[PDB]
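Visitor:
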RNA sequence: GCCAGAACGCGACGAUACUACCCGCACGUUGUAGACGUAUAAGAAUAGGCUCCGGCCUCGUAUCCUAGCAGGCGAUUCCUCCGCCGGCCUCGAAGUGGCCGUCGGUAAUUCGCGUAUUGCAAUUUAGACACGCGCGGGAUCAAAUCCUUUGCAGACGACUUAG
RNA sequence: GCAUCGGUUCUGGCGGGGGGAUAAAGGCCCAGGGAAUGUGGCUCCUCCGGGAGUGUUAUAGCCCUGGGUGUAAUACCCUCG
Ligand SMILES: [Mg+2]
Ligand SMILES: [Mg+2]
Ligand SMILES: [Mg+2]
Ligand SMILES: [Mg+2]
Ligand SMILES: [Mg+2]
Ligand SMILES: [Mg+2]
Ligand SMILES: [Mg+2]
Ligand SMILES: [Mg+2]
Ligand SMILES: [Mg+2]
Ligand SMILES: [Mg+2]
Ligand SMILES: [Mg+2]
Ligand SMILES: [Mg+2]
Ligand SMILES: [Mg+2]
Ligand SMILES: [Mg+2]
Ligand SMILES: [Mg+2]
Ligand SMILES: [Mg+2]
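Residue numbers (the working numbering), protein chains in the order written: chain V, 1 to 191; chain A, 192 to 298; chain S, 299 to 501; chain L, 502 to 642; chain E, 643 to 815; chain H, 816 to 1059.
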């Protein structure tokens, strides 16, 4: 079973610009610019209407057509991200031993780095380098919050996963020792 | 003046003998003709004459160059290779050498 | 078909075994071959399979003495291509040795072999054989993760010769301008009847 | 928010599209069976371009820019011939680059030796006046 | 192989007790009438108590398509043998002739189900007269309104004897 | 059948070819990686070994048992007479490795270096660099400054050729030893200028090395004629009642 | 990092007596896995490119060169193309090309003399790489081994030194 | 080496004949009956390309049955040169 024609459309708001060349997408708007390369997928791009982009695959199989929506949702996420940004929230959870962190400022480059001390009462100092373009803040709204913000969802989420994955308990029952840092809510910078 | 060349023959190559997979027969040889792909085009050279020219060491009768004469017998395969028959079988060291295709028996 | 004195093939974009079979046949026929840019060939399938295949090749060695008789594992892309071609030729005979003597292989474009026209064999291009969406790797990368040491020197050297060819292209574009304007200016002015005579003859 | 995309665009296979077979024949598509085979025919007064009615595989065809408008699907030979003459497909194809290049190609295989000698001498005659103009502009620079 | 439709008529040898026996007719797809008779005796041996030694052939004819230049949909009922047991199917095809449907069905079953010619029985072949009686989803898509599709990345033809082209080819024919 | 009790192998296979050095003087295989942010400096030296002796010193190792107590240690003494620079060499990178393309020498050469190029110096004519020396004072050394510009233009690493002053040691040998040390510095032009400015001048070891520095030693070990397996590899001896 | 270094893998430099070396042409005993127009330089993508910004792309079935005793002797004509040298720039992955100048040859058009007899076919003995020789010009006037000795070395050779 | 012949054999082209539903299709003409992936009209929405509904030839056309042009041509098999 080979499918003749499968098509979807993406609207574009009247605020930003997008240009595609040789399967390389450039999106630039009020909050910056992003680049992505999609040369590994055979897709045909076209301009359906004044503000609608269409893309399609011809004579594809079910497995090939399955990947068609993935680019659509990635491009939509980039469109949202370049006009509204992204924001993740994190909480610290300890029972007895407090954990203290220090998100020091730029280290002579755009990258931020986070220092974590006193995890389950350990004297190890553990060092993490954030992806470029992501801003880390200690919240002042109320206590025990870590604020992550940025332009790209992939970098914001991966950096959050780095923070989550670096605080691990070893040789203990993790159903009893619930210590660690976890993400609790994801959203946009505006509203 | 008159810097052009002097050629009135077609160049060809000596490929191999006639053989199965483990037995060879030096009686007939195989020649690759320049520019021929199918047997319809290869039909033009049936009955023509081929020559093999080589250099010797001694002076015998006004020359140091010998020739072996032969003629094309029938086509071979679908790739335009042709079979040939010589007065003497080729020296078996010329697998890859070149031969001259004349145009004497015309039409 | 045609017989040239020597032919130079640019290796970028050709499958290893399909190029090696054509080359081994031309060599046994009597042609002379020079292959250039051996670091840009391709192998079908995802990279990990090629790496596992090479590791299985690397595990072979003579037991009683590794300095003699054992399979010597060359680490260069050109030597990998040379092994592929050598496996398709009866290299243990005088005829095979003579056939192999007509072949030269290099990485990059050596100074002897630039300033020349680079040929293409259309029976081995990847873009005309493989399915879009399939996976392939690069011989240069495979040699990188097996011990090739001169990847960065050739990579840095190649942009210099590409800048020189850019300047030569600029000169060629300028040179075309006089010939193009000359044909238009000359043809109209002079010839009264050579024009339609050539047109009627197809020129 | 003007958006500019420079992506490929092929030629569509609809009804009325005329193909070009290997042996210099033109045929108009009247029905699609599969993604590999179509039903097509071309009624032409010229015996070189005419083709019978039947099925042609899509791997043996080339897509020309000419399209017959409003051709009913599954029409008979009479109706296709009527639309062929009304649209003037045969006259339209004559000025295309493919037809002129093919004709200029075919004229070359039929040349007598005396004509080869004459075309060589005329080519030299034009080249002589060509090099004078090339030298004149090159000197001016 | 290359098939064509026949009709074959058989009969039991007349005897003094039962003169003028009955006549049986079937439609058989076969490359030629020599194997058409063999298939007639093979199918008849499974339905009536008649053999070739005790039977005879009255007539064999060839059936040709009435409109071999019209596109139509077909449906096939068949029996086959698996590696354990027997099963029934129902397939559909879209083309211009009846015979090619049997050729395509033989190639399709031989590819998708590894079924040889020895173990295929044809029950009935019918042309679908309407368009709303098409069941399978791989034929409904071929009758959609304003069908059209491009042909991306189709390799051009280059002579297999002309090696060493002088420039990079293109796939935009 | 399997081995009864397990044990590691005797000796090491890393230093497997256990043969005499091809050349008498020890050979250095690698040099420290170049960094263009330090000033130009040499990175090697060469001398002769005098002997060994014993020292006594106090230890500064917090947390140890012998902290702030006297210790006795053994040391070795290396004679290091001053060196003389003779020339410089430049190398280039090729897809087959490194290779040298030019070399330049000083005007005047000592008899120590000239002794090295001959096998029977006593009955020779000592015409080593006679024709080479005359290119100086001819067009003001245009050929030399051309080759120096070539090194400034095409080279990536530069080494310097230096030799020892064997006349200042009690050794009977009279032929000196020469080798090259690469200059690691800011830029190739600075490297070549610094190397050229040191022609036929002495350099002391204190300019190269300094106190309490961690260094490397390369040499050729003491030789033994021909030994059995027991002393060569260290295998167990067979019982006393073994025949043959 | 470290160990050995292909005894048929490679580079730089020093000194080279015996025409050992270099330059010019003069023939040719002699060798070759096999000339006979041995003519063609962008890079990059293949679900896109090229450009003279007007357009162009399935196709190298292309472009350049291609006449005259194996290519003579003169004339009317024409300022094109080819070759040897000399001088300046440039080229390092295994170092190449460009410009200028002198000199020699030259159907783009049209003519005048000579070709025979090799006898109705018999390779069309013609190219470039080395190498051996003969001349006439330039430069140059060396080492190694045996031997005695040393012990940082050693079965004997070999190795580190001195004469 | 060439011309004219004999035996064996490979490989091209041309002129005819017979058979089947006296091929089946197909072109033109006559007579009858239908439908939709519904032509032209009409209605509504969308101006943003167009879409939705009604309805059997009109400013496109398609399917089924019978007859003439027919002893039509062509494909396949056989056959005389
Ligand atoms: Mg426990
Ligand atoms: Mg060995
Ligand atoms: Mg045991
Ligand atoms: Mg000892
Ligand atoms: Mg011990
Ligand atoms: Mg005993
Ligand atoms: Mg060696
Ligand atoms: Mg001599
Ligand atoms: Mg002599
Ligand atoms: Mg002149
Ligand atoms: Mg005969
Ligand atoms: Mg007939
Ligand atoms: Mg309507
Ligand atoms: Mg009818
Ligand atoms: Mg009839
Ligand atoms: Mg008839």
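Just so it is clear, CB atoms sit at the ideal spot from N, CA and C, and this is done for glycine as well.
Which residue from E:728, E:755, E:715, E:756 puts its Cα closest to that of residue 741 (chain E)?
Guide: As a working note, residue 741 (chain E) is residue 99 in the fifth chain. Of E:728, E:755, E:715, E:756, the residue nearest in Cα terms is E:715.
Visitor: Out of curiosity, what's the CA-to-CA distance linking residue 545 (chain L) and residue 523 (chain L)?
Guide: If you number the fourth chain from 1, residue 545 (chain L) lands on position 44. If you number the fourth chain from 1, residue 523 (chain L) lands on position 22. Each residue's Cα considered, the two are about 17 Å apart.
Visitor: Between residue 803 (chain E) and chain S, is the shortest Cβ-Cβ distance under 9 Å, so that the two count as touching?
Guide: As a working note, residue 803 (chain E) is residue 161 in the fifth chain. Chain S contact via Cβ: present.
Visitor: Hey, could you find the ends of the beta strand (DSSP E) residue 276 (chain A) is sitting in?
Guide: Position 85 of the second chain, counted from the first residue, corresponds to residue 276 (chain A). Taken as a continuous stretch (DSSP letters only), the beta strand (DSSP E) holding residue 276 (chain A) covers 272-277.
Visitor: Going by DSSP, what residue range makes up the beta strand (DSSP E) through residue 976 (chain H)?
Guide: Along the sixth chain, one-based indexing puts residue 976 (chain H) at 161. Where residue 976 (chain H) is concerned, the enclosing beta strand (DSSP E) stretches over 972-979.
Visitor: From V:118, V:153, V:191, V:183, pick the residue whose C-alpha is nearest to that of residue 34 (chain V); which is it?
Guide: Against the first chain, residue 34 (chain V) aligns to sequence position 34. Out of V:118, V:153, V:191, V:183, V:153 has the C-alpha closest to the C-alpha of residue 34 (chain V).
Visitor: Closer than 8 Å: is that where the CB of residue 884 (chain H) sits relative to any heavy atom of ligand 6?
Guide: Against the sixth chain, residue 884 (chain H) aligns to sequence position 69. No, Cβ of residue 884 (chain H) sits at least 8 Å from all heavy atoms of ligand 6.
Visitor: Which residues, in order along the stretch 528-545 of chain L, keep a beta-carbon less than 9 Å from a beta-carbon of chain V?
Guide: Answer set for the stretch 528-545 of chain L: 536.
Visitor: To the nearest angstrom, how far is the alpha carbon of residue 988 (chain H) from that of residue 894 (chain H)?
Guide: Residue 988 (chain H) sits at position 173 when you count from the first residue of the sixth chain. Residue 894 (chain H) sits at position 79 when you count from the first residue of the sixth chain. Rounded to the nearest angstrom, the two C-alpha atoms are 15 Å apart.
Visitor: Once you ignore the five residues that flank residue 169 (chain V) on each side, which residues in its own chain have a CB closer than 8 Å to its CB?
Guide: Position 169 of the first chain, counting from 1, holds the residue named residue 169 (chain V). Within the same chain, residue 169 (chain V) has close Cβ partners 120, 177, 179, 180.
Visitor: Does any heavy atom of ligand 6 sit closer than 8 Å to the C-beta of residue 1058 (chain H)?
Guide: The residue labelled residue 1058 (chain H) in the question sits at position 243 within the sixth chain. For ligand 6, at least one heavy atom lies less than 8 Å from the Cβ of residue 1058 (chain H).
Visitor: Based on Cα-Cα distance, which residue from S:467, S:432, S:499 lies nearest to residue 41 (chain V)?
Guide: Taking the first residue of the first chain as position 1, residue 41 (chain V) is located at position 41. Out of S:467, S:432, S:499, S:432 has the C-alpha closest to the C-alpha of residue 41 (chain V).
Visitor: Kindly indicate if chain S contains any beta-carbon less than 9 Å away from that of residue 897 (chain H).
Guide: Residue mapping note: residue 897 (chain H) aligns to position 82 of the sixth chain, counting from 1. No, residue 897 (chain H) lies away from the interface with chain S (no Cβ there is under 9 Å from its Cβ).
Visitor: With respect to the alpha helix (DSSP H) encompassing residue 666 (chain E), which residues constitute its N-terminal and C-terminal limits?
Guide: Within the fifth chain, residue 666 (chain E) is the residue found at index 24, counting from 1. Residue 666 (chain E) -> not in any alpha helix (DSSP H); beta strand (DSSP E) instead, spanning 666-672.
Visitor: Closest Cβ-Cβ distance between residue 526 (chain L) and chain E: below 9 Å?
Guide: Taking the fourth chain and counting its residues from 1, one reaches residue 526 (chain L) at position 25. Residue 526 (chain L) does not count as touching chain E.
Visitor: Would you call the CB atoms of residue 306 (chain S) and residue 414 (chain S) closer than 9 Å?
Guide: The residue given as residue 306 (chain S) occupies position 8 in the third chain. The residue given as residue 414 (chain S) occupies position 116 in the third chain. Against a cut-off of 9 Å, the Cβ pair of residue 414 (chain S) and residue 306 (chain S) comes out as a contact.
Visitor: Is residue 12 (chain V) helix, strand or coil by DSSP?
Guide: Start at 1 with the first residue of the first chain, and residue 12 (chain V) comes out as number 12. Residue 12 (chain V) falls in the coil class under three-state DSSP.
Visitor: Return the Cβ separation of residue 331 (chain S) and residue 325 (chain S) in integer angstroms, given the expectation that the two are a contact with Cβ distance under 8 Å.
Guide: Indexing the third chain from 1 puts residue 331 (chain S) at position 33. Indexing the third chain from 1 puts residue 325 (chain S) at position 27. 6 Å between Cβ atoms; contact.
Visitor: Are the CB atoms of residue 682 (chain E) and residue 650 (chain E) within a distance shorter than 9 Å?
Guide: Counting from 1 along the fifth chain, the entry for residue 650 (chain E) is found at position 8. Counting from 1 along the fifth chain, the entry for residue 682 (chain E) is found at position 40. Yes, Cβ-Cβ distance for residue 650 (chain E) and residue 682 (chain E) is below 9 Å.
Visitor: Could you list which residues in chain L have their beta carbon closer than 7 Å to that of residue 500 (chain S), in chain order?
Guide: As a position in the third chain, residue 500 (chain S) is number 202, starting the count at 1. Neighbours of residue 500 (chain S) on chain L, chain order: 605, 608, 609.
Visitor: Since residue 561 (chain L) and residue 792 (chain E) are thought to touch, with beta carbons under 8 Å apart, how far apart are those beta carbons, to the nearest angstrom?
Guide: Position 60 of the fourth chain, counted from the start, is the residue given in the question as residue 561 (chain L). Position 150 of the fifth chain, counted from the start, is the residue given in the question as residue 792 (chain E). Contact doesn't hold; Cβ gap of about 18 Å is too wide.
Visitor: In chain L, which residues lie less than 9 Å from residue 6 (chain V) when you measure between Cβ atoms?
Guide: Here residue 6 (chain V) refers to the residue found at position 6 when the first chain is read from its first residue. By Cβ distance, chain L contributes nothing, its closest Cβ being about 15 Å from residue 6 (chain V), past 9 Å.
Visitor: Return no unless some Cβ of chain S is closer than 9 Å to the Cβ of residue 911 (chain H).
Guide: As a first step, residue 911 (chain H) is located in the sixth chain; it is residue number 96 there, counting from the start. Judged by the 9 Å Cβ criterion, residue 911 (chain H) is in contact with chain S.
Visitor: Grab the span of the alpha helix (DSSP H) containing residue 467 (chain S) for me, first residue to last.
Guide: By 1-based counting over the third chain, the position of residue 467 (chain S) is 169. Note, residue 467 (chain S): alpha helix (DSSP H), 449-487.
Visitor: Which chain L residues are close to residue 287 (chain S), counting only those with a beta carbon under 7 Å from its beta carbon?
Guide: As shown, chain S starts at 299 and ends at 501. That puts residue 287 (chain S) outside it, with no answer to give.
Visitor: Chain H beta carbons: is any one of them nearer than 9 Å to that of residue 333 (chain S)?
Guide: In the third chain, counting from the first residue as 1, residue 333 (chain S) sits at position 35. Not an interface residue.
Visitor: If we ignore side chains and look at the alpha-carbon of each, how far apart do residue 783 (chain E) and residue 770 (chain E) end up?
Guide: In the fifth chain, residue 783 (chain E) corresponds to position 141, counting from 1. In the fifth chain, residue 770 (chain E) corresponds to position 128, counting from 1. Whole-angstrom Cα-Cα distance: 16 Å.
Visitor: What residues in its chain sit with their C-beta under 6 Å from that of residue 59 (chain V), if we drop five residues either side in the sequence?
Guide: The sequence position of residue 59 (chain V) within the first chain is 59, counting from 1. Result list for residue 59 (chain V): 2, in chain order.
Visitor: In whole angstroms, what is the alpha-carbon distance linking residue 288 (chain A) and residue 203 (chain A)?
Guide: In the second chain, residue 288 (chain A) corresponds to position 97, counting from 1. In the second chain, residue 203 (chain A) corresponds to position 12, counting from 1. Answer to the nearest angstrom: the Cα atoms are 9 Å apart.
Visitor: Counting only C-beta atoms, is residue 716 (chain E) closer than 9 Å to chain V at any point?
Guide: Translated into positions along the fifth chain, residue 716 (chain E) becomes position 74. Answer no: the Cβ-Cβ gap between residue 716 (chain E) and chain V never drops below 9 Å.
Visitor: Name the chain V residues whose beta carbon is nearer than 7 Å to that of residue 430 (chain S)?
Guide: As a working note, residue 430 (chain S) is residue 132 in the third chain. Chain V residues near residue 430 (chain S): 42.
Visitor: Hey, out of H:910, H:896, H:1013, whose CA is closest to residue 986 (chain H)'s CA?
Guide: One-based indexing of the sixth chain puts residue 986 (chain H) at position 171. Nearest of H:910, H:896, H:1013 to residue 986 (chain H), Cα basis: H:896.
Visitor: Starting from the N-terminal side, write out each stretch of the alpha helix (DSSP H) that is 4 residues or longer and does not extend beyond the stretch 215-260 of chain A.
Guide: Fully enclosed alpha helix (DSSP H) runs of 4 or longer: 230-233.
Visitor: Which class does residue 684 (chain E) belong to by DSSP, given the choice of helix, strand or coil?
Guide: The count along the fifth chain starts at 1 and reaches residue 684 (chain E) at position 42. Helix.
Visitor: Could you check what DSSP says for residue 86 (chain V) in three-state terms: helix, strand or coil?
Guide: Residue numbering aside, residue 86 (chain V) sits at position 86 when the first chain is read from its first letter. Here residue 86 (chain V) sits in strand by DSSP.
Visitor: Contact criterion: CB-CB distance below 9 Å. Does residue 507 (chain L) meet it with respect to chain V?
Guide: Taking the first residue of the fourth chain as position 1, residue 507 (chain L) is located at position 6. Yes, because at least one Cβ of chain V sits closer than 9 Å to the Cβ of residue 507 (chain L).
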